[PDB]
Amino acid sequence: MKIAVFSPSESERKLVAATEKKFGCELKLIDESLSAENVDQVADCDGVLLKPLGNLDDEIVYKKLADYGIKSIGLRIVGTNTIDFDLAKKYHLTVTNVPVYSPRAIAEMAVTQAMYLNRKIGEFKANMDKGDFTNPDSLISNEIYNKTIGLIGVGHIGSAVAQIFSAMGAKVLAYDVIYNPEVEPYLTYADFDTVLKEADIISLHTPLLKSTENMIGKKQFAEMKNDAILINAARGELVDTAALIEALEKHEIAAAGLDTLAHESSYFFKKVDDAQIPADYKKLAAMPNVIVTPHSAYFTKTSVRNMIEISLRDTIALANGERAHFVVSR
């Protein structure tokens, strides 16, 4: 039928025809995200796909959706915080989401950042920018199969990181609160401290909770090997940025790959002026042994494709009164 798609990305636009054909449906793209202003635009539609910028706070929207026969909120993301479930239940609109879009995409960004820093390519470049094309011992590297990898958390994504590294021959240790037999071939569970002590490469794969805010701080960097490489492609708030920067400057660790940062929402996904970018980012950005990507581990064709198709699939099912995989409503 006709499904409204709000807040389409440049990348989602490229998929529309394929998607229309595959699902035998029409997509109606609207350039802003859904809000009391432009809800009058789903009148001609049977369902709705959202990428909310900011909260759906008012109920004039939640009502007018019900009026037009819409029975679902189809989210093209994992995050649900913009969705007032108070109102959702009230108007009988269920909510679907997209939790798993591509674990390998994030995983591969993690491994990639780790590789580059291990090989010290940025430091070399910094050396070269100043005229130094030597091979000093300080920039000596090592084969990845001589490395121990430490995962904090596993999940779909950590599971994938281990698969990859273990496939290159590295030894992989993980701390976790749940035991999962699936990953045993690829890693060995150990506890938190042995993992911080013995890892050459550490990568974060922990959900953000009040209990894990700042779980990597000054104490942990000191416990880490001085030539270790931290990677955080999980949640910025897991790491104490200042403790990081300091650990970096005092050489208590060797490098870092960050696809997330605390207080990122202020500048990530945005165009901005110098005066708008925070100073901690600028510090990390100026370091040849640091990578920062703007939270784009996810950003592959498959992630983008799946974000559309999984959300559409569920949303159509609930337009037919059929059953949808990824509810979050009862």
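Residue indices: 1-based, along the sequence shown.
Of the two segments examined, 39-47 and 53-61, it is 53-61 that shows the higher average Cα temperature factor in the deposited entry. On average the C-alpha atoms of 84-92 have higher B-factors than those of the other stretch, with 161-169 and 84-92 being the two compared.
Taking the PDB entry at face value, the top CA B factor among 78, 190, 248, 177 belongs to 78. Among the modelled residues of its chain, residue 272 has a C-alpha B-factor that falls in the middle third according to the deposited record. When all modelled residues of the chain are sorted by CA temperature factor, residue 146 is found within the lowest third.
Per the PDB record, residue ranking by Cα B-factor puts residue 198 in the middle third of the chain. Per the PDB record, residue ranking by Cα B-factor puts residue 153 in the middle third of the chain. Looking at the C-alpha B-factors along this chain, the one for residue 227 belongs to the middle third.
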